[PDB]
DNA sequence: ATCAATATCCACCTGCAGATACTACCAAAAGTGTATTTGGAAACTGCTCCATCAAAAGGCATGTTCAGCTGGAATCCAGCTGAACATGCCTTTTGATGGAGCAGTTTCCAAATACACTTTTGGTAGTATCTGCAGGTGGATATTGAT
DNA sequence: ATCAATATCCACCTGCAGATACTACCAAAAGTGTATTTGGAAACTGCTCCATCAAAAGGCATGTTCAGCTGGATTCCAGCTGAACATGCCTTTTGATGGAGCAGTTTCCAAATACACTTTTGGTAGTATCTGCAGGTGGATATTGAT
Ligand SMILES: [Mn+2]
């Protein structure tokens, strides 16, 4: 049964987890979910690749968190960035404090 | 009196270009300005190719870029007749490499 | 009929979604003759991936990348 | 010994002829009256746009100057890759 | 295992998967352990941010389950997102109610 | 002996090789690829050079500059498409005027 | 011979009404076969006798149409810009040029 | 006797326009004036972020790239009046050109 | 067709910065040789899934008829947008000197790679009810378009 | 203002294409100390370049006047197009299999690759002579426009 078991690992579950922390009583069609996986996926590369670009310009090799900030700064439009730029500078200092 | 702290070597193809220039037009010159477009010609295209290739790897979960990917890369990127020639031109020198030593 | 097998009312149907009130007679061909380029260009890019992975079937992944690199990126098929 | 005087409303430092000139180069014969102003703002939007970027480069490299490369990085990344100035 | 890195940040986004995901594409040689979080966080929020306005779009047309149309309406009716996906098509999304000005009956008023 | 002459080229299969490892597009770099690459780049350079050359001549000049280059590039179908979102310093445009903009009937 | 004054929704109305009808609908607006016929007629010219995955053709029927749908909004504008309401194919041609299509 | 308008030589409205299109198309030098454009690159940065420096070069692109822009947008616009059946470019034309390009909404 | 009045071809020359042209050093890069280490051709076959056929139905299409009026086409007419004319200012040009703040050499450490061994859970693969909806039923009356 | 003639939009009705939640399951995705690897910031610190005033000067922007002609609103008007409305061909479908062929597998040598020598070279400084083209003056033919 482990034969055709080549996994198609997706964010879908994590997305439903999140689907609840603001709208805890909501359904979402598996086709409307298929979109949300194409979302974060898109958002992943976009930012990553930019932070990947942001290396060599500076003759860099280690992607530090910084170039992610910048990536997103460069990436995300107006007000909508501010929050994100914040949201992530948050969690970083939490895990700094954490184990 | 020169050489005052060794400046990180800025390296272009201004030679490789001009080499291949003289081949096309023996008496026909070239600005810095005129060249300094040409270097970006390379610059631009390389990365466009290395890029599209790198993409193909992870589309087939491959860890290496073969000259087969480059072809596909070129085959996708470079349009029309510009692709054909290139494809062959690529191979031509590839073959001169594969059948040496 | 293939390309002519694309219906004048279907042409109208899609146009209406764009908010087209009035459709001139010529449009019907032009629409087809603008839909063609789209496809040629799209599929060209698509199959080129097929022909790389060594496949006789145009996968879904074959397309996403076509439309992505085309610039007309699509959502909800990459699974 | 420094300078840095007040810096405001330079957009009109983009002057009718010079605007109008691009209108020639464009292959344009008869120019409306609202154009020149409308035009001045699009340039800003533009500028406005590319410079957020080229600075967010300078800004980032922990630089205090807008090196040629930045601007180009910022131009390409927007859709307008430019050959000539570097990289 | 004791507890998660994603919990050490309080999310629903796998700070684990990120750190490996950011290797497979070969985005660099070395990775600062700050980044895989910084990313997840942003991506997380972002995903939510839509879901919000999508879930907000649910009640309006008396339906409970989110369909693409609600995700499309979520996206396009916003400014800052419309732009972020000004070059993207959501499958089956359809188009926002928009009729041009001159088109209405009895000339143009 | 060098790998260029070895593949019969003018471009550096050495130097493009470096810029494939240091570049990071994958970990493992092929052996035909960097060749194929140099070759690839070399064709293009050449293609366009043999273009802005005649250009350079058209206006009776012998030192190819950007203008001729952008004349080459633009005046040609396949290249244009390769550089549809590209830009060329002191580019110049391709001389051209729309028709209804020309005067007739006295 | 007649009917004594019939109901005829004076022309243009059914159009505006269908706009109202079609704009809020999300499902595609071309028969799948003719499309899949055309999706297979052209594709051959790149590699011969192939197969199309279940989803693959539709991903196109999404995009293909999605492209067109918008491509029309743009056309209308031009027509409207020329103080018109009927989309003459000249509009399309103009609206192609601009995106970076015929230029 | 009193019949022959005036004497000074004047060219018809638009025949210098043609004369010029022909010209600023033939060549290539940047079309707004250096130092005036300059400040507009200085001042828009200083507004994003102060205590900053532009490389001798780096303003240049911002200019080169910036003309380019319009001249090419202008072309799109020139086309738009012609399409509306005209010889004159009124904002809308641009706004329309910006529109389709996908520049605004 | 000829006269007149500006802008321009067309070759002519200076003159200098912009290319191209040596030495000379010289640091990295490129190449040779083997050693290690491995990602992927190369056939074999499973099984989810892709290709027409089957077989009634009619939904969606086309060829159809009539007007309802929008494109384009002139007609005029107020006035903007171009050509020109007279000024002058601020752009442009060329060095000149502090002095920033960038770049490269030299150091030593926080953080990360590369192993190695056990731990948790996300995709897979079913069996079964769960469940909001996605398309008929009355019934109502606004949105349409005759009077 | 009158009110036939449709299309539309509300709760209320039920069945199935579709989401919800549990049990079984096992290679892999993930986390954890460890022992060792090096990027990268951090300071001294050369050296290049940009910010800056200088003064000359001069080309190019300003603004104003005067008209020639292109836009705008004018009514128009003939045939192009939506509507209806008749069929009726031609998608839709599900129903359920022939059968690829993509997926999956375990191999196994060519291919990649990291390690230590080796040898050229291409790039910068610096040094010093040529040489293409902008650019000014000047002498025939071009185009435009008032005749
Ligand atoms: Mn300011």
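By the numbers in Swiss-Prot, the shown part of chain G spans 34-136.
Per the header: X-ray crystallography, 3.5 Å.
Backbone N, Cα and C atoms are what each Cβ position is placed from, and that goes for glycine too.
What Swiss-Prot annotates here:
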type	residues	note
LIPID	G:111	S-palmitoyl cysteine
MOD_RES	G:37	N6,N6,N6-trimethyllysine
MOD_RES	G:57	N6-lactoyllysine
MOD_RES	G:57	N6-methyllysine
MOD_RES	G:57	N6-crotonyllysine
MOD_RES	G:58	phosphoserine
MOD_RES	G:80	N6-lactoyllysine
MOD_RES	G:80	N6,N6,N6-trimethyllysine
MOD_RES	G:80	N6-acetyllysine
MOD_RES	G:81	phosphothreonine
MOD_RES	G:116	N6-acetyllysine
MOD_RES	G:123	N6-(2-hydroxyisobutyryl)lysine
MOD_RES	G:123	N6-acetyllysine
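Taking the features listed in Swiss-Prot, we show where each one sits on the structure.
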| residue | record | DSSP (3 states) |
| --- | --- | --- |
| G:37 | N6,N6,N6-trimethyllysine | coil |
| G:57 | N6-lactoyllysine | coil |
| G:80 | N6-lactoyllysine | coil |
| G:111 | S-palmitoyl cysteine | helix |
| G:116 | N6-acetyllysine | coil |
| G:123 | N6-(2-hydroxyisobutyryl)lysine | helix |
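Per Cα geometry, G:111 is the residue among the recorded positions G:80, G:111, G:123 nearest to residue G:57 (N6-lactoyllysine). Comparing Cβ neighbour counts within 10 Å across the modified residues G:37, G:57, the minimum falls on G:37.
For the modified residues listed here (G:80, G:116, G:123), the lowest count of other CB atoms within 10 A around the CB belongs to G:116. Here the modified residues are G:58, G:81, and the one whose Cβ sees the fewest other Cβ atoms within 10 Å is G:81.
Close to residue G:111 (S-palmitoyl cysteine), meaning Cα to Cα within 10 A, are the following modified residues out of G:37, G:58, G:80, G:81, G:123: G:123.
Between residue G:81 (phosphothreonine) and residue G:37 (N6,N6,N6-trimethyllysine), the C-alpha separation comes to 61 Å. Checked against residue G:123 (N6-(2-hydroxyisobutyryl)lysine), the modified residues G:37, G:58, G:80 differ in C-alpha distance, with G:58 being the nearest.
Counting in whole angstrom, residue G:58 (phosphoserine) lies 29 from residue G:116 (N6-acetyllysine) by their C-alpha atoms. Annotated pair residue G:80 (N6-lactoyllysine) and residue G:37 (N6,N6,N6-trimethyllysine), C-alpha to C-alpha distance, rounded: 62 Å.
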